[PDB]
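*Asks:* coordinates only, sequence not included:
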Ligand SMILES: [Cu+2]
Ligand SMILES: [Cu+2]
């Protein structure tokens, strides 16, 4: 089964899916994020961050408070299962993570932590 997915971060602030399914068959999984538009990361940055559904809000909140300079992530946030860099327009980033970190039966959220983006740029990831 495929073990990769193309996700995109927008001016318009939208993701092309609000749902990812990672085949249980996969040992690693990669997300390729990319950014349509013309604006710099300091103004319209996008990342893709993965955590447990429970943790999502804390990760978003602590990341907003850590600044641009930490890519909108609290440093050493152990709730983050995986994440890309914070990217701006014309920039791409990929993250590959161990599928051993995902427990079948858990609910995962992916989201962007640039201030305010996670209200639209959010989605479900499930292991199947
Ligand atoms: Cu496969
Ligand atoms: Cu964004």
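*Replies:* Yep, that arrived. Numbers count the residues shown, from 1 in each chain. Ligands and ions are numbered 1, 2, ... in the order given.
*Asks:* now the residue nearest the centre of the chain: how far from ligand 2?
*Replies:* Centroid check for the chain by C-alpha atoms, centre = their mean gives residue 48 as the closest residue, at 1.8 Å. Applying C-beta to the ion, to the nearest Å, the value for residue 48 to ligand 2 is 9 Å. No exception for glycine: its C-beta is placed from N, CA and C like everyone else's.
*Asks:* again, but for residue 92
*Replies:* Relative to ligand 2, residue 92 is positioned 14 Å away (C-beta to the ion).
*Asks:* and what of residue 2?
*Replies:* Counting by C-beta to the ion, the separation of residue 2 from ligand 2 is 25 Å.
*Asks:* hang on, isn't that residue packed against residue 23?
*Replies:* Yes - using C-beta atoms under 8 Å, residue 2 is in contact with residue 23, at 7.3 Å.
*Asks:* Between those two, which is the more surrounded one?
*Replies:* residue 23 (12 against 9; other C-beta atoms under 10 Å).
*Asks:* Now for the more buried one: which residues touch it?
*Replies:* Shown in contact with residue 23 (C-beta atoms under 8 Å, 6 or more residues apart in numbering): 1-3, 128.
*Asks:* In the protein, what residue spans correspond to helices?
*Replies:* According to DSSP state H, the chain carries its helices in the segments 41-44, 56-65.
*Asks:* Wondering if the longest one reaches ligand 2 at all.
*Replies:* No - contact of helix 56-65 with ligand 2 (C-beta under 5 Å from the ion) is absent, the minimum separation being 11.7 Å.
*Asks:* What residues sit buried inside that helix?
*Replies:* The neighbour-count check on helix 56-65 (16 or more other C-beta atoms under 10 Å) flags 56, 59-60, 62-64 as buried.
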